[PDB]
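Colleague: Here's a structure for you.
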Amino acid sequence: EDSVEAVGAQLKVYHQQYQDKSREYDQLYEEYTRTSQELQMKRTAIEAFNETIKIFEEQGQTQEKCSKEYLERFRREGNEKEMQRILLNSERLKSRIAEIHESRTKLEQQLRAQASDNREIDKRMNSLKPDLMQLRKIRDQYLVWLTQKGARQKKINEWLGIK
């Protein structure tokens with residue numbers, strides 16, 4: 001009721017709630033920053049693929065340049081096996097590229113998944129900011145109350161779990 005022990009008893013309850021609400025928030029904040037890091041690597045990895053692919057395409061372009069003379073000629077010569085070789089190269093090459101291009105696409109999809117999670121963890125992270133403010137305010141109020149009350153230090157520390 002109006003018992004100092006009863007008020008201090010209430011204080012302990014709210015302070016605890018507050019610390020717990022606070023700890024949980026901290027846990028989320030780390031998780032958010034951490035995932036934003038792992039999210040960076042993914043972005044970087046994608047650039048790696050983009051770079052890799054851009055490379056192979058340049059290789060393809062230049063080999064295609066030299067092949068063109070020979071190929072156009074072997075066609076009318078007409079050497080089957082020789083020009084066959086030429087097409088077989090460009091093929092496996094383009095099926096290396098076409099293979100990688102899809103390989104990053106799976107990562108991009110895999111990326112947006114994590115990106116959403118951060119959007120959501122950030123959301124939950126904002127749900128708590130209000131309560132934290134309030135609990136802190138509240139707890140501070142009981143402190144002032146008990147403080148102006150005869151109630152005093154040592155037991156206050158007890159109620160705040162201080163050693």
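Residue numbering restarts at 1 in every chain; chains get A, B, ... in the order shown in the structure tokens, and ligands count up from 1 in that same order.
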Applying 8 Å and only C-alpha atoms, which residues near stretch 93-108 of chain A remain after dropping the ones on its own chain fewer than 3 positions away? List them as a list in words.

Modeller: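 So, after excluding close chain neighbours, the residues are residues 42, 46, 49, 53, 56, 57, 60, 89, 90, 111 and 112 of chain A.
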
Colleague: Write out as number ranges by chain which residues come within 12 Å of residue A:130 when counting only C-alpha atoms, dropping same-chain ones fewer than 5 positions away.

Modeller: A: 18, 21-22, 25, 124-125, 135-137

Colleague: Which is closer to residue A:29 than all the others in A:5, A:82, A:58, A:122, using only C-alpha atoms?

Modeller: A:122

Colleague: Smallest atom-to-atom distance to residue A:35: which of A:80, A:47, A:120, A:72, using only C-alpha atoms?

Modeller: A:120

Colleague: From the set A:37, A:157, A:63, A:44, which residue has the shortest atom-to-atom contact distance to residue A:91, counting only C-alpha atoms?

Modeller: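 Of A:37, A:157, A:63, A:44, the one nearest residue A:91 is A:63, counting only C-alpha atoms.
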
Colleague: Contacts of residue A:8 at 7 Å or less, counting only C-alpha atoms, minus same-chain residues fewer than 3 places along, as a tab-separated table (two decimals) with N, CA, C and O atoms, in the first residue's frame?

Modeller:
```
chain	number	residue	atom	x	y	z
A	4	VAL	N	6.45	2.15	2.94
A	4	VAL	CA	7.73	2.37	2.27
A	4	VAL	C	8.31	1.07	1.73
A	4	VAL	O	8.83	1.02	0.61
A	5	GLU	N	8.23	0.01	2.53
A	5	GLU	CA	8.69	-1.30	2.09
A	5	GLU	C	7.90	-1.73	0.86
A	5	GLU	O	8.45	-2.36	-0.05
A	11	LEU	N	9.38	-0.63	-6.72
A	11	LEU	CA	10.56	-0.12	-7.42
A	11	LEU	C	11.42	-1.25	-7.97
A	11	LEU	O	11.74	-1.27	-9.16
A	12	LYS	N	11.79	-2.18	-7.10
A	12	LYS	CA	12.58	-3.33	-7.51
A	12	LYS	C	11.97	-4.02	-8.73
A	12	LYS	O	12.69	-4.40	-9.66
A	146	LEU	N	10.63	7.41	-2.78
A	146	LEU	CA	11.34	6.76	-1.69
A	146	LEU	C	12.40	7.68	-1.10
A	146	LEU	O	12.65	7.67	0.11
A	159	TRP	N	17.27	-2.86	-3.64
A	159	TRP	CA	16.17	-2.91	-4.60
A	159	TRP	C	16.63	-2.75	-6.04
A	159	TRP	O	15.90	-3.07	-6.98
```

Colleague: May I have the residues within 12 Å of stretch 138-145 of chain A as a PyMOL selection string, using only C-alpha atoms and disregarding those fewer than 3 positions away in the same chain?

Modeller: chain A and resi 2-19+131-135+148-153+155-157+159-160
